[PDB]
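Just one chain follows, in the form deposited in one PDB entry, and it is written as structure tokens.
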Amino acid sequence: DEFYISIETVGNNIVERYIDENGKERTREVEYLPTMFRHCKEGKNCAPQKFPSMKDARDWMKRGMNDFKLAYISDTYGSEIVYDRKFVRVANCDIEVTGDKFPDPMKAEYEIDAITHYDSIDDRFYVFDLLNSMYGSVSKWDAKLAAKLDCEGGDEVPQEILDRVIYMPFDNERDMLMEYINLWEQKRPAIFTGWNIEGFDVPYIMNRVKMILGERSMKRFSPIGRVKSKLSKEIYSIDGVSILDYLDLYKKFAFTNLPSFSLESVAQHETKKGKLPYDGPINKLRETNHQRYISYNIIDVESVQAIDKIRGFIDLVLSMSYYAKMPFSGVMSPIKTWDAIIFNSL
């Protein structure tokens, strides 16, 4: 019954994505005036002061900004925050790219062959397939073929996953990227997860759409209008959407001493189910066996959700966040958590 999902500050305004009483996502931008402040934000922190009147507060405005957000939350949300995840749009994605090994995401030279994107709300795996990626043109994926045992020419993708798939073929990357951007537009994720999304997936999709669809298409992702990056691996920031890499969440809260943290290693360890063995080379897979390629893409995207159903690290994230009355990204930072508590303790 009313809780935040995103808290942004554009101008001296607070753009906030939320979920009101009737479990529906909405948006209400507000020109907010902070109650408290911390002199030291002009280990080590400081006591939050309290403006007795909106007068001395206004006399203080403009003369970091995260206290603004924290102030907004504490003010607009007083008392126990109660939430239900069913209205929180959690989406993860795993993209596929064929080309010279480790297609550097900063350069983004090669096309994207596939993009499965699960969306927790409608519980569907949207599969984007470019059966025309420069390296070749290949056949449509067989939702009926990918099931029948390997005693045949199929990959044993469980029926459950397949029932939830929505396949979408494209003969050119450009037309494919155009649709993906359209899906985020149609269904803006609250939290965007994956396994190494921060390292590969995200930067790649960005630098790509940039290099192709140009800067303006890339900003379609951020609801408020802009995507930044720290740039040698560079990382992207889609304002309005919390990007929480599951690999990081796993290393931080799983407490498992595994010799490897590849998705296959963790998935096999957690879910026990594996993925059908290879068959010859590796990268050539798309041409030397498309269809299995795509089935793999979806399988990988499901395993993240599978690990989560066991671990519940997305639950933890919301729980810590709403209890400390802070933005989603703060849960992985002891400092940012402590800092949230100091401010909200008043």
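Throughout, rigid core stands for the largest set of C-alpha atoms superposing within 1.5 Å between the two forms. One-based numbering along the sequence shown. Only residues modelled in both forms are compared.
In what follows, reference is made to the form deposited in another entry, a form of this protein that is not presented.
- Once the cores line up, the CA of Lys284 ends up less than 2 angstroms apart between this form and the one not shown.
- The two forms, fitted on the rigid core, differ between this form and the one not shown by less than 2 Å at the CA of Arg26.
- Superposition of the core reveals a Cα shift of less than 2 Å for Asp315 between this form and the one not shown.
- Listed alone, the one run of 3 or more residues present in both forms whose C-alphas shift by at least 2 angstroms between this form and the one not shown, with the core superposed, is 51 to 61.
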